[PDB]
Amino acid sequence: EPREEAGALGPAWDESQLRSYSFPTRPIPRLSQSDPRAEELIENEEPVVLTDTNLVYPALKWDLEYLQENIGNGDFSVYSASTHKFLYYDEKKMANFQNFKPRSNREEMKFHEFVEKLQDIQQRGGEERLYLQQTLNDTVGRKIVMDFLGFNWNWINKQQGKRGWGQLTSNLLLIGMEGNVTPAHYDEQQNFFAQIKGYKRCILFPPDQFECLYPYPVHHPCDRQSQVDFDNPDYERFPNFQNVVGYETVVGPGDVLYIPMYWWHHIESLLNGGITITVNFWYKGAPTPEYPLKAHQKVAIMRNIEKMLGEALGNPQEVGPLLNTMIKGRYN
């Protein structure tokens, strides 16, 4: 049930703002950072929404005006799409799949340019959609630098130390239009996902649901993304999607969602909820040291096999036929 905003400002959002899907879900726990149960969850690589870390406390005031004024003159990657779905793709892998035609294009622009584009669409009632996704770097301005420095490093550093994680590799700034969706995928890093403006519905699936989510081949540009179209699932090609079960939540300003490494996640900015802003914190996982093997370890194994085969055969397109040749009449 949607939470009530302090001061009797009503419900933060309602059901009608959620897209509808074919699968059930259970709620991710929302807990205080001081609650031992939250620590148990993170330690165990299970998701949890933390309500009071103050992780990005100083960014809570951010909005397009403040960012345009302070974020510098660096370039920003902005994706453009004609659908609500922003399927991630790896440009470096495009050569090996000449027939893949991305539904979204990346354009580099200045922040003011991004803001202007958002304005032109609104005014012209256009259907175009934009999603800015850009790692925070040295070119940001003074005020932003001050804000960044005011993040709760004390808490997040203890988290990094307590779990044996590797280094912070980056913080991605995500600014999206209402209704935008990042389709289901898994990342190979641990993520603290800090919501700043607006509301995002996050649906997660554990690594042991690999069989139900059907990731693209490792050498395909959509490596790590699910092939299933959540809006129109093809149960013929992906029969086990009929067995998928999610853990869901809606995060708002101030909330931090722990998205554990290898966990699938589908993220959507609420319909009619305005622009969203998020900043993530990506950490390399702990080192690989016992049976029985964990689901995520098996996933690590499958990726490696695919990778080795691709190199050994000299053509990634030869990966499938060999695998098929290996199992038919033998293991299936």
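Note that residue numbering follows the sequence shown and begins at 1. Definition used throughout: the rigid core is the maximal C-alpha set that superposes within 1.5 Å between two forms.
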Task: Farther-lying stretch by C-alpha RMS in 8 other deposited structures of this protein (rigid core fit) among 184-192, 95-103 - done: 95-103
Open item on the list: I'd like to know the size of any gap between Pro289 and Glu290, counted in deposited residues with no coordinates: none, 1 to 3, 4 to 9, or 10 or more.
Closed with: 1 to 3
Task: Residue range whose averaged C-alpha B-factor is higher in the record, 113-121 or 182-190 - done: 113-121
Open item on the list: Averaging CA B factors per stretch from the PDB record, which one is higher: 86-94 or 163-171?
Closed with: 86-94
TODO: Please pick out which of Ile259, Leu130, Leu149, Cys222 has the largest Cα B-factor as recorded in the entry.
DONE: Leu130
- [ ] Name the residue from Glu107, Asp234, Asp208, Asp255 with the greatest C-alpha temperature factor listed in the entry.
- [x] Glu107
TODO: Taking the chain's C-alpha temperature factors as the reference, tell me which third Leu50 falls into: lowest, middle or highest.
DONE: lowest
- [ ] Classify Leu313 as lowest, middle or highest third according to the C-alpha B-factor given in the PDB entry, relative to its own chain.
- [x] middle
Task: B-factor third for the C-alpha atom of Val140 within its chain - done: highest
TODO: Would you mind ranking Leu18 by its C-alpha B-factor against the rest of the chain and naming the third, lowest, middle or highest?
DONE: middle
Open item on the list: Using the temperature factors of the C-alpha atoms in this entry, rank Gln134 within its chain: lowest, middle or highest third.
Closed with: middle
